[PDB]
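Report on the structure given below.
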Amino acid sequence: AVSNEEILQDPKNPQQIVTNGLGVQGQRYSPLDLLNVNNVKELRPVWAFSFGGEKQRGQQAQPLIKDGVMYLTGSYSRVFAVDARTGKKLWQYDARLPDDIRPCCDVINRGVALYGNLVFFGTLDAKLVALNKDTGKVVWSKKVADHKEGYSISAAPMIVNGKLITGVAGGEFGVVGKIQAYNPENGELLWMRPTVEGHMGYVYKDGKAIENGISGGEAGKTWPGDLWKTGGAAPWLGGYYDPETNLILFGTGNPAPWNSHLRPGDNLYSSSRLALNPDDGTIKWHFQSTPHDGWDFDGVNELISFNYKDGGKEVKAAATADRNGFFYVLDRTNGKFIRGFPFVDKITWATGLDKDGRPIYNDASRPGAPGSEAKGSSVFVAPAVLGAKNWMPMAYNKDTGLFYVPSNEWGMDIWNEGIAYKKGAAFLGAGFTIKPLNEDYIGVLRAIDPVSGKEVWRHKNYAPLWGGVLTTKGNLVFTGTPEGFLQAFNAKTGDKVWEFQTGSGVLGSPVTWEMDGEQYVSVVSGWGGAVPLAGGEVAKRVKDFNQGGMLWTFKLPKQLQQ
Ligand SMILES: O=C(O)c1cc(C(=O)O)c2c(n1)C(=O)C(=O)c1cc(C(=O)O)[nH]c1-2
Ligand SMILES: [Ca+2]
Ligand SMILES: [Pr+3]
Numbered sequence: 028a029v030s031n032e033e034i035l036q037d038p039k040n041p042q043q044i045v046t047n048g049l050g051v052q053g054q055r056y057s058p059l060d061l062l063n064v065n066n067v068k069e070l071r072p073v074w075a076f077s078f079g080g081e082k083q084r085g086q087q088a089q090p091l092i093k094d095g096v097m098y099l100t101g102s103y104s105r106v107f108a109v110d111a112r113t114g115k116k117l118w119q120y121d122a123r124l125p126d127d128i129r130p131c132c133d134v135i136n137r138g139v140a141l142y143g144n145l146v147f148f149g150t151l152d153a154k155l156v157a158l159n160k161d162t163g164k165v166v167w168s169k170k171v172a173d174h175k176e177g178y179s180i181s182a183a184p185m186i187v188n189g190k191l192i193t194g195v196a197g198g199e200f201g202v203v204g205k206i207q208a209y210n211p212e213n214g215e216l217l218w219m220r221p222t223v224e225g226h227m228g229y230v231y232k233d234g235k236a237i238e239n240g241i242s243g244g245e246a247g248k249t250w251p252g253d254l255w256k257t258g259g260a261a262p263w264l265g266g267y268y269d270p271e272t273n274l275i276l277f278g279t280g281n282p283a284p285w286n287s288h289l290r291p292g293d294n295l296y297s298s299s300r301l302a303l304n305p306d307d308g309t310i311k312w313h314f315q316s317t318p319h320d321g322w323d324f325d326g327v328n329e330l331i332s333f334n335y336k337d338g339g340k341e342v343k344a345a346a347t348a349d350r351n352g353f354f355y356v357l358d359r360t361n362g363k364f365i366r367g368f369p370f371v372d373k374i375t376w377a378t379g380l381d382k383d384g385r386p387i388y389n390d391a392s393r394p395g396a397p398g399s400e401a402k403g404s405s406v407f408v409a410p411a412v413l414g415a416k417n418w419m420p421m422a423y424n425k426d427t428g429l430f431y432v433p434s435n436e437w438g439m440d441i442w443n444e445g446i447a448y449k450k451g452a453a454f455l456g457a458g459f460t461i462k463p464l465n466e467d468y469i470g471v472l473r474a475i476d477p478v479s480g481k482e483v484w485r486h487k488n489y490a491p492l493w494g495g496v497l498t499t500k501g502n503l504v505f506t507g508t509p510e511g512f513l514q515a516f517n518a519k520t521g522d523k524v525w526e527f528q529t530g531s532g533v534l535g536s537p538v539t540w541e542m543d544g545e546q547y548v549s550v551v552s553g554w555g556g557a558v559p560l561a562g563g564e565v566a567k568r569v570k571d572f573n574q575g576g577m578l579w580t581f582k583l584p585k586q587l588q589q
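Just so you know, we're using the authors' numbering here: the sequence shown kicks off at 28 and counts up by one.
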């Protein structure tokens, strides 16, 4: 019972959230102001729900809420439907995964989409699955790509104009990134768009594939040889949608392999934001945040539409906080660069950006080719591969006009080595050691003014930040930490105003809605993601955190709101 019109209405209906992002554009702003800075001290848990199964590791989903039911996912490709008032399980679906799934960076899933009477998610073996919302039974299932080649799906899918859209993951395995659209009611494929230059895109009619143009025009323009056959650029975080331009906004992963000396050229459309026509999957514009990447600076980070006035004229902009340390503001009608500036305190790989937004490179920060030796010499670089910001989404507060960015301060030693492609095997050609830049913190929650280009406030955390952000009309910003807290801040000043220890690192993006006249806040807990794969000093810092897997629901009691 979710229509396309209801999706387009988020977040205006207080009782429900039917989108990843609290609105198709991904602003993660709630207009609810029952809960505010003056009464958040009265927020407390009302129930929890354990995912069970002796299956923990990272838990990244944002729940959706419709008709008093919460729909969410867990690690190892599981879906849960849970009563929003009581916490009682309605049903659970556990995908049967093969033993040879190939995630790069933990067995995570970032959420469902809803349409009609169905619940949709992508699996770690690169299937797209539709479940009946009331029973959890499978209605249809389609293979998006071959998991034996290194494809997986970790992102939440999205609905645009009645079409169900998913990307894929796997750049660390040399997959060919692609975005594809499906009929939500029966899983019929509608179109497919590669994100690597040289591959053909298609529309589908009557079960036939109809050519619909080569991505990037022709193979070999910004890649050498046949490197584009394994080029990566996986659109692994999903994307968002702008109704004003009718464009899907999707970022793309790093080019493969990590050894950039094997692939001279800009390597399109890796490490880029793409704007696509949802009718047919054609790319209307692109902006490449890291041409010829050498640092696994994936360009997937969300591109969030927002509007502002400049010298009397209305600007249709979009902002993104990139892995590479720059915060970018683009004209979302045509992809043109407006401004770009660091949102972390140290960037070594570039000294700035040119007038089109292309980096001005510092070539001493690119690791050298191995040449005669087994490994090249290491170079120190900031940010580290894990980025100034990774998967975890920022949020936009319409009242303050600021973005709230979960960032990290770390560099690395990185080196290169030879690497041959082998189907199903890692395709790196580089190694690294992460080196935090500061002894007493890594994570920094930052409030950024995208019009002036200035940081307004910052809040430091000992561990890295790895969780999505929520902001609300009550002058609140919420986000989780690996220490296990859900925390709230004053959106104007950054002062901490509330927190709760959930018992496991919090990665899920928080969500808020209203039921029976009371405001609820919920988040998914359970530590994991890429940070536990880092050795060295980062591992020492996070060693005492424990795994989990739990949905937490909090409420402000009606009698305490005033
Ligand atoms: O290039 C890719 O296809 C791809 C996929 C993913 C993924 O699917 O989650 C990550 C990465 N790259 C990546 O580079 C990275 O640092 C990363 C961290 C995480 C995580 O959930 O903590 N996922 C991924
Ligand atoms: Ca369309
Ligand atoms: Pr990557």
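All C-beta atoms in this analysis are idealised placements derived from N, C-alpha and C, irrespective of residue type, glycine included.
| query | Near ligand 3, which residues have their beta-carbon closer than 7 Å to a heavy atom? | reply | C131, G198, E199, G280, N281, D323 and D325
| message | Measuring alpha carbon to alpha carbon, tell me which residue in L497, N159, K340 and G532 is nearest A515. | response | If you number the sequence shown from 1, residue 515 lands on position 488. The shortest Cα separation from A515 among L497, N159, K340 and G532 belongs to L497.
| request: Mind the definition here: the region 32-44 touches the region 76-83 only if three or more C-beta pairs lie below 8 Å; say whether that holds. | output: no
| query | Three-state secondary structure (DSSP) at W263? | reply | In the sequence shown, residue 263 corresponds to position 236, counting from 1. Here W263 sits in coil by DSSP.
| Inter-residue spacing [alpha-carbon to alpha-carbon] between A122 and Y103 | Numbered from 1 along the sequence shown, position 95 holds the residue referred to as residue 122. Numbered from 1 along the sequence shown, position 76 holds the residue referred to as residue 103. Whole-angstrom Cα-Cα distance: 8 Å.
| What residue range is occupied by the uninterrupted alpha helix (DSSP H) comprising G563? | Within the sequence shown, numbered from 1, the residue matching residue 563 stands at position 536. Where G563 is concerned, the enclosing alpha helix (DSSP H) stretches over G563 to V569.
| query | Cβ of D306 versus every heavy atom of ligand 2: is any distance shorter than 7 Å? | reply | Position 279 of the sequence shown, counted from the first residue, corresponds to residue 306. Yes, ligand 2 has a heavy atom inside 7 Å of this Cβ.
| query | Between the C-alpha atoms of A490 and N465, what's the straight-line distance to the nearest angstrom? | reply | Position 463 of the sequence shown holds residue 490. Position 438 of the sequence shown holds residue 465. Using only the alpha carbons, I get a separation of about 11 Å.
| request: Could you please give the first and the last residue of the uninterrupted alpha helix (DSSP H) stretch that includes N424? | output: Taking the first residue of the sequence shown as position 1, residue 424 is located at position 397. Not the alpha helix (DSSP H): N424 falls in the beta strand (DSSP E), residues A422 to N424.
| said: Given the structure, does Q89 come close to ligand 1, in the sense that its CB is under 7 Å from one of the ligand's heavy atoms? | reply: Stepping through the sequence shown from its first residue, residue 89 is reached at position 62. No, ligand 1 has no heavy atom inside 7 Å of this Cβ.
| said: Assuming the contact rule is C-beta atoms closer than 8 Å, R359 and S332 should be a hit. Round their C-beta distance to whole Å, please. | reply: Within the sequence shown, numbered from 1, the residue matching residue 359 stands at position 332. Within the sequence shown, numbered from 1, the residue matching residue 332 stands at position 305. Right, their Cβ atoms sit about 6 Å apart.
| request: Buried or exposed for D325, please, with buried defined as at least 16 other CB atoms from any protein chain shown within 10 angstroms of its CB. | output: Taking the sequence shown and counting its residues from 1, one reaches residue 325 at position 298. Counting Cβ neighbours within 10 Å, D325 comes out buried, since at least 16 surround it.
| task | For the region 426-433 and the region 450-460, state whether three or more C-beta atom pairs, one from each stretch, are separated by less than 8 Å. | result | no
| Beta-carbon gap between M419 and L534 smaller than 8 Å | Stepping through the sequence shown from its first residue, residue 419 is reached at position 392. Stepping through the sequence shown from its first residue, residue 534 is reached at position 507. Their beta carbons are under 8 Å apart, which means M419 touches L534 by this criterion.
| Classification of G252 by the beta-carbon crowding that lies within 10 angstroms, buried from 16 upward | Position 225 of the sequence shown holds residue 252. Counting Cβ neighbours within 10 Å, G252 comes out exposed, since fewer than 16 surround it.
| field | Euclidean distance between Cα positions of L91 and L583 | value | Mapped onto the sequence shown, residue 91 falls at position 64. Mapped onto the sequence shown, residue 583 falls at position 556. About 19 Å.
| field | Distance cut-off 7 Å: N188 Cβ against heavy atoms of ligand 2 | value | Working through the sequence shown from its first residue, we reach residue 188 at position 161. Under cutoff, so the answer is yes.
| task | Spell out the partners DSSP gives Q514 in its beta bridges. | result | By 1-based counting over the sequence shown, the position of residue 514 is 487. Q514 pairs with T506 and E526.
| said: Is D133 near ligand 5 - that is, is its Cβ less than 7 Å away from at least one heavy atom of it? | reply: Inclusion of ligand 5 in the displayed structure is not the case, the ligand content consisting of ligand 1, ligand 2 and ligand 3 alone.
| Quick one, which of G177, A172 and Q89 has its alpha-carbon nearest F454's? | Stepping through the sequence shown from its first residue, residue 454 is reached at position 427. Ranking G177, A172 and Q89 by Cα distance to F454 puts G177 first.
| message | On the criterion of 16 or more Cβ atoms from any shown chain inside 10 Å, does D152 qualify as buried, or is it exposed? | response | Counting from one through the sequence shown, the residue named residue 152 turns up at place 125. By the 10 Å Cβ count, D152 comes out buried.
| query | By Cβ distance below 8 Å, which residues in the same chain neighbour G456 in space, the five residues on each side in sequence not counted? | reply | For the purposes of this step, residue 456 is taken as the residue at position 429 of the sequence shown. The answer, listed in chain order, is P284, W285, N286, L289, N443, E444, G445 and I446.
| message | Using only the alpha-carbon positions, how far apart do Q315 and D383 sit? | response | Position 288 of the sequence shown, counting from 1, holds the residue named residue 315. Position 356 of the sequence shown, counting from 1, holds the residue named residue 383. In a straight line, the C-alpha of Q315 is about 10 Å away from that of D383.
| message | For ligand 1, I want to know if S179 counts as a neighbour, meaning its beta carbon is within less than 7 Å of at least one of the ligand's heavy atoms. | response | Counting from 1 along the sequence shown, the entry for residue 179 is found at position 152. Indeed, a heavy atom of ligand 1 lies less than 7 Å from the Cβ.
| task | Might you give, ordered along the chain, the residues of its own chain that have their beta carbon closer than 8 Å to the beta carbon of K154, omitting 5 neighbours on each side? | result | As a working note, residue 154 is residue 127 in the sequence shown. Same-chain partners within the cutoff: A122, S168, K169, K170, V171 and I180.
| message | For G114 and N424, what's the separation of their Cα atoms in angstroms? | response | In the sequence shown, the residue the question calls residue 114 occupies position 87. In the sequence shown, the residue the question calls residue 424 occupies position 397. Approximately 29 Å between the Cα atoms of the pair.
| field | Boundaries of the beta strand (DSSP E) in which residue 19 is found, first to last residue | value | An answer regarding residue 19 cannot be provided, because it is not within the stretch 28 to 589 covered by the chain.
| request: Return yes when at least one heavy atom of ligand 1 lies under 7 Å from the C-beta of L413, else no. | output: Stepping through the sequence shown from its first residue, residue 413 is reached at position 386. For ligand 1, at least one heavy atom lies less than 7 Å from the Cβ of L413.
| said: Here's the rule: buried if 16 or more other CB atoms are within 10 angstroms of the residue's CB, otherwise exposed. What is residue 595? | reply: The requested residue 595 is not part of the displayed model; the chain covers only 28 to 589.
| Cβ-heavy atom distance between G556 and ligand 1 below 7 Å? | Taking the first residue of the sequence shown as position 1, residue 556 is located at position 529. Yes, since a heavy atom of ligand 1 falls inside the 7 Å radius drawn around the Cβ of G556.
| request: Please work out which residues of its chain come closer than 7 Å, Cβ to Cβ, to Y448, disregarding the five sequence neighbours upstream and downstream, and give them in chain order. | output: Working through the sequence shown from its first residue, we reach residue 448 at position 421. For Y448, where only same-chain residues beyond five positions count, the Cβ hits under 7 Å are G201, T257 and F454.
| Hey, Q89 and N47: beta-carbon distance below 8 Å or not? | Locating residue 89 in the sequence shown gives position 62, where the first residue counts as 1. Locating residue 47 in the sequence shown gives position 20, where the first residue counts as 1. Result yes, Cβ atoms of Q89 and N47 sit closer than 8 Å.
| Segment contact flag, the region 369-379 with the region 402-414, C-beta cutoff 8 Å, min 3 pairs | yes
| field | One or two residues paired with residue 22 in a DSSP bridge | value | Since the displayed the chain opens at 28 and closes at 589, residue 22 lies outside it and no answer follows.
| Nearest residue (CA-CA) to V504, options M542, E510 and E526 | Taking the sequence shown and counting its residues from 1, one reaches residue 504 at position 477. Cα-wise, what sits closest to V504 is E526.
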